[PDB]
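Undergrad: Following this message is one structure expressed as structure tokens.
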Amino acid sequence: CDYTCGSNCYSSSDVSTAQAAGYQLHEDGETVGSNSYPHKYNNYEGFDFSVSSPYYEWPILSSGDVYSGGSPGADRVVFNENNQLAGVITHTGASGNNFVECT
Ligand SMILES: Nc1nc2c(ncn2[C@@H]2O[C@H](CO)[C@@H](O)[C@H]2OP(=O)(O)O)c(=O)[nH]1
Ligand code: NA
Ligand code: NA
């Protein structure tokens, strides 16, 4: 696994595919789903991302398909304004409504 979010296993191609879809919607000024993804990720957790902000979060799904407006699940891809990958985060293993980084 390139990224492990709890029990979910993601390759760098699964991440690139998810990011490309979130980035396109972001540029278009449109969102999908009841929680309106993609949307800004503030970095309250204080992850040390090596690319610049602003950051946006978009769901990445364990099933392998691109998020298509249903349940976002626990996992997210985080990307910035230049379509650079910041990281992959999850609610799995985090307390409250915080996130932890996938490893
Ligand atoms: N845990 C977490 N939630 C965030 C972050 N950025 C935005 N959100 C949350 O995502 C949702 C969409 O904006 C809001 O509930 C917002 O929470 P706050 O209301 O606390 O800002 C972040 O860095 N961490
Ligand atoms: Na809009
Ligand atoms: Na809890």
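The first residue you see is number 1, and the count goes up from there.
Header entry for method reads X-ray crystallography, 2.0 Å.
Backbone N, Cα and C atoms are what each Cβ position is placed from, and that goes for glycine too.
From Swiss-Prot, here are the annotated features:
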{"type": "DISULFID", "residues": "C1-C9", "note": "disulfide bond"}
{"type": "DISULFID", "residues": "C5-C102", "note": "disulfide bond"}
{"type": "ACT_SITE", "residues": "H39", "note": "active site"}
{"type": "ACT_SITE", "residues": "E57", "note": "active site, proton acceptor"}
{"type": "ACT_SITE", "residues": "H91", "note": "active site, proton donor"}
Undergrad: Cβ under 6 Å from ligand 1: which of the recorded positions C1, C5, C9, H39, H91, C102 qualify?
TA: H39
Undergrad: Do you know offhand how many angstrom separate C9 (disulfide bond) and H39 (active site) by C-alpha?
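TA: Answer for this pair: 24 Å between alpha carbons.
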Undergrad: Please state whether DSSP places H39 (active site) in a helix, a strand or coil.
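TA: Looking at the DSSP assignment, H39 (active site) belongs to a strand.
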Undergrad: Are any of the recorded positions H39, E57, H91, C102 near ligand 3, with a Cβ under 6 Å from it, and if so which?
TA: none
Undergrad: Counting distance between Cα atoms, which of the active-site residues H39, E57, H91 is nearest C5 (disulfide bond)?
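TA: Ranked by Cα distance from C5 (disulfide bond), first place goes to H91.
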Undergrad: If you run the three-state DSSP split on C9 (disulfide bond), which class comes out?
TA: strand
Undergrad: Here's one to test understanding: among the active-site residues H39, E57, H91, whose C-alpha is closest in space to the C-alpha of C102 (disulfide bond)?
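TA: Spatially nearest to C102 (disulfide bond) by Cα position is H91.
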Undergrad: What subset of the recorded positions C1, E57, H91 lies within 10 angstroms of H39 (active site), using C-alpha positions?
TA: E57
Undergrad: Tell me, how many other CB atoms lie within 10 A of the CB of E57 (active site, proton acceptor), whichever protein chain they belong to?
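TA: Total other Cβ atoms inside 10 Å, all chains included: 23.
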Undergrad: Determine, to the nearest whole angstrom, how far the Cα atom of the residue listed as 'active site, proton donor' is from the Cα atom of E57 (active site, proton acceptor).
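TA: Taking the Cα atoms only, the residue listed as 'active site, proton donor' lies 13 Å from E57 (active site, proton acceptor).
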Undergrad: List the same-chain residues at least 6 positions away in sequence whose Cβ sits under 8 Å from the Cβ of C1 (disulfide bond), in sequence order, or say none.
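TA: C9, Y10, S11 - these are the non-local Cβ neighbours of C1 (disulfide bond), listed in sequence order.
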